[PDB]
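Visitor: Below: the sequence, then the experimentally determined structure.
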Amino acid sequence: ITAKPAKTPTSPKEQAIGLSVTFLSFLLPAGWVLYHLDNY
Amino acid sequence: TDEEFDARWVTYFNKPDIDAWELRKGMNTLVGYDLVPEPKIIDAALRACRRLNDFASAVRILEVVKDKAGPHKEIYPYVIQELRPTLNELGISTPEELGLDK
Amino acid sequence: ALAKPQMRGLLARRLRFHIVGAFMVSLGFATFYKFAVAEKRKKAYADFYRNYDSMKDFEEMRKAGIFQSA
Amino acid sequence: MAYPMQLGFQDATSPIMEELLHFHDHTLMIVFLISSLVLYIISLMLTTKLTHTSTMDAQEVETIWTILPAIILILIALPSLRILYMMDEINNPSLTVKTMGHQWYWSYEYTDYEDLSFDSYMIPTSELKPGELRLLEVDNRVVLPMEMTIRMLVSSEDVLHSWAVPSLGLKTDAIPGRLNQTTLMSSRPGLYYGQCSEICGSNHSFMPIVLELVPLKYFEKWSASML
Amino acid sequence: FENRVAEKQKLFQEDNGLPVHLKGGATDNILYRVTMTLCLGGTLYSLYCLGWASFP
Amino acid sequence: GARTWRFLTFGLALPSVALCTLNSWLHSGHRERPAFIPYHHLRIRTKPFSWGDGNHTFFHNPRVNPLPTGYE
Amino acid sequence: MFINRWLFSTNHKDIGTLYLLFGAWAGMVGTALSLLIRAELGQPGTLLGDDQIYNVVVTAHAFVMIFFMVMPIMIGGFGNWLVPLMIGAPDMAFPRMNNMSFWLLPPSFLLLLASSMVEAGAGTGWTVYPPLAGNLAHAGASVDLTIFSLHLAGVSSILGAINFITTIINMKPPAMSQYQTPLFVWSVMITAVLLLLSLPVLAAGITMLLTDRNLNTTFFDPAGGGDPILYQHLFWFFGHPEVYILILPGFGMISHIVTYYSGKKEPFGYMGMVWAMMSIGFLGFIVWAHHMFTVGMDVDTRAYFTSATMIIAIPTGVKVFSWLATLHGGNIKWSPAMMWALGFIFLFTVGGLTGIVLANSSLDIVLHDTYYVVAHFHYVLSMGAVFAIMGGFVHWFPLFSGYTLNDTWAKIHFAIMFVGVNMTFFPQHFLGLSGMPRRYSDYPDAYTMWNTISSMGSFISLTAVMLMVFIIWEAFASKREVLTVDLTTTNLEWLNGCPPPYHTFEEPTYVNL
Amino acid sequence: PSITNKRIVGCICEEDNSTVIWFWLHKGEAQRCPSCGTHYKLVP
Amino acid sequence: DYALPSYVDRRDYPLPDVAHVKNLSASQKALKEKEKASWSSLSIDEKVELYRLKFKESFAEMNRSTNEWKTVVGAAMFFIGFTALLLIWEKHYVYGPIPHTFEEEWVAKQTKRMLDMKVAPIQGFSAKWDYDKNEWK
Amino acid sequence: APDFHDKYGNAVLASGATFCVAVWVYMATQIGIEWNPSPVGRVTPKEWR
Amino acid sequence: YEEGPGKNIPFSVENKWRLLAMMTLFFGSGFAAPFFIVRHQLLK
Ligand code: HEA
Ligand code: HEA
Ligand SMILES: CCCCC/C=C\C/C=C/C/C=C\C/C=C\CCCC(=O)O[C@H](COC(=O)CCCCCCCCCCCCCCCCC)COP(=O)(O)OCCN
Ligand SMILES: CCCCCC/C=C\CCCCCCCCCC(=O)O[C@H](COC(=O)CCCCCCCCCCCCCCC)COP(=O)(O)OC[C@@H](O)CO
Ligand SMILES: CCCCCCCCCCO[C@@H]1O[C@H](CO)[C@@H](O[C@H]2O[C@H](CO)[C@@H](O)[C@H](O)[C@H]2O)[C@H](O)[C@H]1O
Ligand SMILES: CCCCCCCCCCO[C@@H]1O[C@H](CO)[C@@H](O[C@H]2O[C@H](CO)[C@@H](O)[C@H](O)[C@H]2O)[C@H](O)[C@H]1O
Ligand SMILES: CCCCCCCCCCO[C@@H]1O[C@H](CO)[C@@H](O[C@H]2O[C@H](CO)[C@@H](O)[C@H](O)[C@H]2O)[C@H](O)[C@H]1O
Ligand SMILES: C[C@H](CCC(=O)O)[C@H]1CC[C@H]2[C@@H]3[C@H](O)C[C@@H]4C[C@H](O)CC[C@]4(C)[C@H]3C[C@H](O)[C@]12C
Ligand SMILES: C[C@H](CCC(=O)O)[C@H]1CC[C@H]2[C@@H]3[C@H](O)C[C@@H]4C[C@H](O)CC[C@]4(C)[C@H]3C[C@H](O)[C@]12C
Ligand code: CUA
Ligand SMILES: [Cu+2]
Ligand SMILES: [Mg+2]
Ligand code: NA
Ligand SMILES: [Zn+2]
């Protein structure tokens, strides 16, 4: 496949932010429930 | 038979007024087969390139002969040996002579 | 001067050679497996039962205290 | 019972489980070979600069691709069905025992001669005697004679259950309103464990089966004591 | 009865940009609004019922 | 079209015949013949047959078809 | 305009996009449920302290992955996007009915999530066998909400099947015979025929269960002369076709992917591939009782079901060998989609082979209701379906979005997922052979080591899922717009550009005889 | 025929080919099927 | 652009549908005029220039191997390592104690009872115990 | 024209492999996971009765 | 209707950070839901 250069390139730092926010969106809520299973 | 296959492809490339589309169609079709084209076929295709004033395609045809041999190292030098008189006659430089083998 | 190498059917020649090689290897594996697994297992069961004394086995288990009923 | 890091079947306690072990060894050799051939051929297709991209004729190779698999399947099915018909063959049992599944325990009925019946409950982990097995022990084991053909009849008084003993090759669903038959023959004395094998609600994991196989003389003494 | 299909063809082919479900006129709008209000209101009521039923 | 019916012939119909041929082949071989009992509703003879000795059916198989008096 | 476009759609592409979004969301739910399963099993003892909740989680895991992730993605998503494009059709036959097949799924999912929130849930298994699923052992609304969820999903798929069969038969170019349609289109037509015939039988069976629970019928209740085993026959008469429904579109996508990245104009042995899919579809209706080898059926019945089941290996093997023969002689492009497809071929083969082990009723006595079965179907279904979905997704994402993925990230994603699923499921073979039952919240101590490893594998796959979301974000964030793709001469879906216009084939293709 | 200046052609190069060859045919000089070389001319 | 012939470097499609360079300067046009005479009169640099008007990459260029495998394998190992951090977190904060049957003394007693009941005596377990010498084989 | 892989591939491969082995070894050995290995050649049987 | 990359979708890709928030809420809500349903059943 061939493509145009990125209109809005995503730098290594921008990727670290997006990856971090993505991982945290999965891990924090599930982590909160699993940590508190005793309280349940 | 092998001889009849080769003769048909020699005839194809030898047509005096072969056009650019037919040159491309012929080479792109031939490299689909399980074979490295015989020197007589490549000779005819290189002379078609000369009639079509297309030096670049002549070099590209030598590259795809080498490519079709895969790891069979002895094929390309044999082919260049057989084509030497035609390469000299038409002034075709090999990809190696041009540094295009990197 | 260089002699003409084989220029036709190189892919087919390679396939034929390696399909025969795969067959030969499959045969060698079937020989390993029969010995290491299937015959080993037949021999282990046959050897175990050849002189097996079910009453002596029971008496050992009973003396060890394993049974509710004896 | 199973032991830690076990890869294969529990050691066979019955002749039909022995047959199944030999049949699995045969079948697994084929599975390994076909799995390995496919992986090998993938690797072969992917490791050459040689090309052939024009149309290929499929007719000749499809004969090999259908006949060879058909032969292999026949070579699996013949021994498979021999064992199937062995495990159905008319035996003369010397004893019939019923088991009824319940939420969540088994009951056993020995009604050939006396009306003997009892319930068989998992020993809770907090009550296990030292060296006893978590989730596998029961209070009342299924006492049976060794080296004898036994008829087990299986049903349920509530939901579906399934009465299983892997080392004897046994698994028979327990269906209310239905009396399912299986044959049990142990080559050896000892304790043989199994677990409920149809989801029956919250305590499905906790209603095991324990057979206690003893010589006939000890089975008779046990039966006589139960009066 | 008389064949008035031509008169309906003219109505439903009028170049007024209306989608076919509204092309009959103001009554289509009323029936659509009744339908969608019952569907959306009913769905909100089903969620309330879920909330109620989710607890003892 | 013809192409579709040929596809069905070779792809479904003849494979079915091959599978049923296999099935029949595997279950062939002679079963043990039952004790002869001279039941009066079987081996009916109200008139001699118009061939042979009058007492043999047209496709009489000595192995599995007893006469009124029993197996030959 | 936003409501008209996305709630009132009559467009195959927009409806396909809705199905892909729905399915991806469902996949997150299904994955979360799978991690809760493996957390309960990841050490000996109890985690949740409530085995009814464990059983509800297992039940919901299966329904979400089958009805809300795989079928919506494969049939609703790839089917709606690709089928009209691959036959040069301007839309589906019934473009408005198509939208109702989609909009039935959110309500269906809401009923499933209502089942789990009311009373103590439906802790039944996805089989929903009575009497456990009956009004004594599962009193209250949960099982009825599960039944209704399945009715809505079933109507969605039956109407979808009508739409796909009509589209594929009626809306090709007049010169294009059925034997000139791409293999993906064949795979969807065959899948749709299986749905049309199988789902109504499930609908009958679960309706009987509804009436036994609420109208004092006794179809499955021996007190009234009913039979729990009748439910099992009706369920599995649907359920075996259902497992072929889940894989067939996957087989179609794999054929396209292997052909494309081998640099070929066509798959090896086209008519053999059509023959094999039709043979699998047909044989798929005559094998169901291999799900019932321990219920007490007659020996000759077991013999028949063993033999019929084994036959499916023959057409299946033709497809596997044909994929290998499509690679043969290729100019191989080691794209991430090609990696997904090669993973598919191998992992599908492993799972299919353990299916052949299970087909042997004798051995199935010992393997039935064990982790051997769980291992079999997580190879052939879970890995097979998911690997075909991820291959199709990375291959066609640029068509659907107009944007390219980062190929290096996509290869990393593949590598993580390959490790995770094999670490999760391979050890479950040992657990099955050694006698660990399925549908258990806890296990005898001997089974600890392989459960521990399996649960550690499940977290590796979670890391892959999270990375997949980042990879999709990075593509939409960077906005690398597609210009050209190769092999358009044998991949018509690409020839209107990326993404194609809302309306394509307003002027149909020209195909002469 | 086309109502516009380009139309997609599918070429079934030989009777009973399963593979269709797809390409845009533009107004102007006739183009050839890239598989069989069959000529096509657009007639707006 | 999707509707027009395009350029591709593919070993199996050596002569693409269009030239790499569509629009020529006057010097490049003169070189194409020169190409109509004897190629023996063409210089090495001119031959390379004609090649580069027609094609983007040579066979050697388009076929080159890359270091990408290092990034893919290394990154995969990083994310698999990150996974072990999640499992450490789970063990610390989610999992409570395992059952008392995993205690060293229970396992020693349980092991003896398994040998006394001859668990798996043909191959699996008791087979690996020497009942004469009272030790593991 | 050196790319990301030419510049960083060696470092990514070495650091990734080192991190992966170190964290899995720590998880496997240092945090009290019960693997429940075979008692064969490991456990001294003790009187239970 | 709007056509072309980023315009054939029911969500905006005009701003990559707003997009990250929407994708976070979308996939996160699905992943979270079973944990919160388990919590709801345990708290009964
Ligand atoms: C994608 C979904 C899918 C697919 C395609 C299959 C495919 C097969 N399945 Fe499986 N199956 C499931 C999903 C699937 N299955 C599910 C979900 C269950 C559990 C339901 C539940 O209880 O919850 C299940 C359960 C199930 C059972 C019941 C086991 C039990 O509960 O005790 C059996 C019994 O025979 C079975 C057999 C097979 C067979 C023989 C195939 C065949 O179609 C496989 C054919 C493929 C191959 C054989 C490999 C490729 C072939 C070759 C390389 C050629 C050469 C091969 C040979 C000569 C053998 N499967
Ligand atoms: C398609 C079907 C499918 C899929 C994908 C899965 C995926 C997984 N399943 Fe399973 N599972 C079933 C179907 C499926 N499952 C069924 C039918 C049952 C039986 C239920 C019963 O007994 O009644 C079952 C049961 C089952 C059990 C047995 C429970 C028990 O017997 O008590 C286990 C145990 O480990 C398990 C684990 C997993 C895990 C860890 C995953 C996954 O975590 C593996 C990794 C896969 C993913 C993480 C999916 C990724 C996909 C997406 C996120 C979609 C992306 C979308 C786009 C790109 C558009 N599942
Ligand atoms: C491969 C099968 C094909 C059949 C060909 C074989 C035989 C000849 C022709 C058959 C015609 C069909 C039916 C006639 C009646 C009887 C024959 C039935 C079929 C048959 O062949 O039956 C045999 C007996 O034949 C006998 O009596 C033999 C009887 C021979 C004489 C038949 C008398 C003719 C009857 C008159 C016909 C009237 C037609 C009326 C037309 C209507 C006009 C309005 C069976 O053999 P068996 O040894 O008893 O058992 C087998 C034991 N191992
Ligand atoms: C417990 C209770 C649960 C049940 C819930 C019921 C589920 C959903 C609510 C149903 C609401 C129905 C509303 C009407 C649907 C009409 C569909 C229809 O009639 O669809 C037509 C196509 O299907 C055709 O023909 C042939 C198909 C016509 C099918 C009609 C509707 C069937 C709905 C239920 C079917 C279940 C099947 C039973 C077998 C199991 C028209 O297709 P369109 O794309 O519209 O237009 C195309 C244009 O060219 C027409 O000018
Ligand atoms: C633990 C973390 C470890 C680090 C893992 C990092 C993984 C990402 C590696 C970067 O990979 C590259 O990214 C380039 C930049 O996007 C891509 O080029 C793409 O980007 C440009 C488009 O804007 C063009 O120059 C290229 O042609 C185009 O393919 C290129 O394919 C890809 O190999
Ligand atoms: C199956 C998928 C799950 C994979 C595992 C997820 C990995 C863990 C992610 C982190 O999750 C968080 O962990 C914190 C602990 O590290 C918790 O803080 C809890 O504990 C803290 C420290 O004890 C307190 O300060 C906080 O108040 C308290 O909520 C917090 O709630 C939770 O969000
Ligand atoms: C547990 C599962 C493990 C899965 C791990 C996945 C590993 C993938 C590594 C990718 O690394 C690259 O792969 C390219 C292709 O993806 C190679 O291209 C090279 O090699 C190919 C020939 O094999 C050619 O086709 C290419 O043109 C050529 O540049 C390239 O050199 C290599 O660095
Ligand atoms: C006849 C039909 C279509 C041929 C065509 O019109 O192109 C072809 C397509 C697939 C073929 C089948 C498949 O190749 C699989 C089988 C291969 C065996 O060598 C013959 C039987 C076998 C079952 C084939 C019979 C027949 O040749 C089929 C059914
Ligand atoms: C007079 C009228 C003509 C209709 C017309 O051409 O518009 C006739 C034609 C056929 C008639 C119908 C048919 O004769 C059948 C029915 C006969 C019943 O006796 C009355 C109702 C009934 C349903 C009729 C109603 C009405 O009188 C109809 C509709
Ligand atoms: Cu009783 Cu499960
Ligand atoms: Cu099935
Ligand atoms: Mg069962
Ligand atoms: Na547990
Ligand atoms: Zn053509």
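Guide: On my side now, so go ahead. Numbering: from 1, shown residues only, chains lettered A, B, ... in the order given. Ligands and ions are numbered 1, 2, ... in the order given.
Visitor: Let's check: the centremost residue of chain C is which one?
Guide: Centroid-nearest residue in chain C, with C-alpha atoms, centre = their mean: residue C:33, separated by 1.8 Å.
Visitor: SS state for the residue lying closest to residue B:25 once chain neighbours are set aside?
Guide: Leaving out its chain neighbours, the residue that sits closest to residue B:25 by C-beta to C-beta, 6 or more residues apart in numbering or on different chains is residue H:37, at 6.3 Å. Just so you know, the C-beta spots here come from the backbone N, C-alpha and C atoms, and that holds for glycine as well. Secondary structure state of residue H:37, per DSSP: H, G, I helix; E, B strand; the rest coil, is coil.
Visitor: can you count the residues close to residue H:37?
Guide: Using other C-beta atoms under 10 Å in any protein chain shown, residue H:37 has 13 neighbouring residues.
Visitor: same deal with residue A:11?
Guide: 9.
Visitor: what's the distance between residue F:54 and ligand 4?
Guide: Counting by C-beta to the nearest ligand atom, to the nearest Å, the gap between residue F:54 and ligand 4 amounts to 64 Å.
Visitor: Give the other helices and strands that the strand or helix carrying residue G:159 contacts.
Guide: Taking DSSP states H and E as the definition, residue G:159 sits inside helix G:142-170. With contacts taken as 3 or more C-beta pairs under 8 Å, 6 or more residues apart in numbering or on different chains; DSSP states H and E, helix G:142-170 sits against helix G:51-63, helix G:80-86, helix G:95-103, helix G:105-117, helix G:183-214.
Visitor: Contact partners for the residue nearest to the centre of chain C?
Guide: By C-beta atoms under 8 Å, 6 or more residues apart in numbering or on different chains, the contact set of residue C:33 is D:29, D:32.
Visitor: how about the helix or strand where it lies against ligand 1, any contact?
Guide: Per DSSP H and E: residue C:33 is located in helix C:10-33. No. For a cut-off given as C-beta under 6 Å from any ligand atom, helix C:10-33 has no contacts with ligand 1; the smallest distance is 13.1 Å.
Visitor: Give me the next element, helix or strand, following that helix.
Guide: Downstream of helix C:10-33 (by DSSP H and E), the next one is helix C:40-50.
Visitor: buried ones in the helix or strand just after that next one?
Guide: Remark: after helix C:40-50, the chain's next helix or strand is helix C:54-64, criterion DSSP H and E. Across helix C:54-64, burial judged by 16 or more other C-beta atoms under 10 Å in any protein chain shown covers C:54, C:57-58, C:60-62, C:64.
Visitor: hey, C-alpha coordinates of helix C:54-64 in CSV?
Guide: Only the C-alpha atoms of helix C:54-64 are listed here, as CSV (Å, rounded to 0.1, in the frame of the first residue of the first chain):
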residue,chain,number,x,y,z
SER,C,54,-4.2,-58.2,43.4
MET,C,55,-4.7,-59.8,46.9
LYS,C,56,-1.1,-58.8,48.0
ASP,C,57,-1.8,-55.3,46.6
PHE,C,58,-5.1,-55.1,48.6
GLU,C,59,-3.4,-56.4,51.8
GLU,C,60,-0.6,-53.7,51.5
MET,C,61,-3.3,-50.9,51.1
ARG,C,62,-5.4,-52.3,54.0
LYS,C,63,-2.3,-52.4,56.3
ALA,C,64,-1.5,-48.8,55.3
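Visitor: List the contacts of that helix.
Guide: Residues contacting helix C:54-64 (C-beta under 8 Å, 6+ apart): C:67, C:70, D:146-147, D:187-190, D:214-215, D:218, I:116-118, J:49.
Visitor: Go again with 7 Å.
Guide: C:67, C:70, D:146-147, D:188-190, D:214-215, I:116-118, J:49 (C-beta atoms under 7 Å, 6 or more residues apart in numbering or on different chains).
Visitor: contacting residues around the residue nearest to residue D:14 when sequence neighbours are not counted?
Guide: Distances taken as C-beta to C-beta, 6+ apart place residue D:168 nearest to residue D:14, at 4.6 Å, with adjacent residues excluded. By C-beta under 7 Å, 6+ apart, the residues touching residue D:168 are D:13-14, D:17, D:184, D:186, D:192.
Visitor: what do you get for residue D:200?
Guide: Contacts of residue D:200 (C-beta under 7 Å, 6+ apart): D:103-104, D:159-161, G:132.
Visitor: Can you tell me which of the buried residues of helix C:54-64 is nearest ligand 8?
Guide: For those, the residue nearest ligand 8 by C-beta to the nearest ligand atom is residue C:54; the value is 53.6 Å.
Visitor: Identify the residue nearest the geometric centre of chain B.
Guide: Nearest to chain B centroid, counting by C-alpha atoms, centre = their mean: residue B:42, 3.1 Å.
Visitor: I'd say that one and residue B:61 touch.
Guide: Yes. Using C-beta atoms under 7 Å, residue B:42 and residue B:61 qualify as a contacting pair, with a distance of 6.3 Å.
Visitor: Residue G:132 and chain C: what is the separation?
Guide: 31 Å (C-beta to the nearest C-beta, to the nearest Å).
Visitor: residue boundaries of the helices in chain F?
Guide: F:2-8, F:14-26 (DSSP state H).
Visitor: and what of chain A?
Guide: Counting by DSSP H, the helices of chain A are A:12-35.
Visitor: Taking it, what residue is nearest to chain C?
Guide: residue A:1 (27.1 Å; C-beta to the nearest C-beta).
Visitor: What's the local residue count around that residue?
Guide: Residues near residue A:1, counting by other C-beta under 10 Å: 18.
Visitor: Would you mind listing the residues in contact with the residue in chain C positioned nearest to ligand 6?
Guide: Across chain C, the shortest distance to ligand 6 (C-beta to the nearest ligand atom) belongs to residue C:37, at 38.7 Å. By C-beta under 7 Å, 6+ apart, the residues touching residue C:37 are residue D:25.
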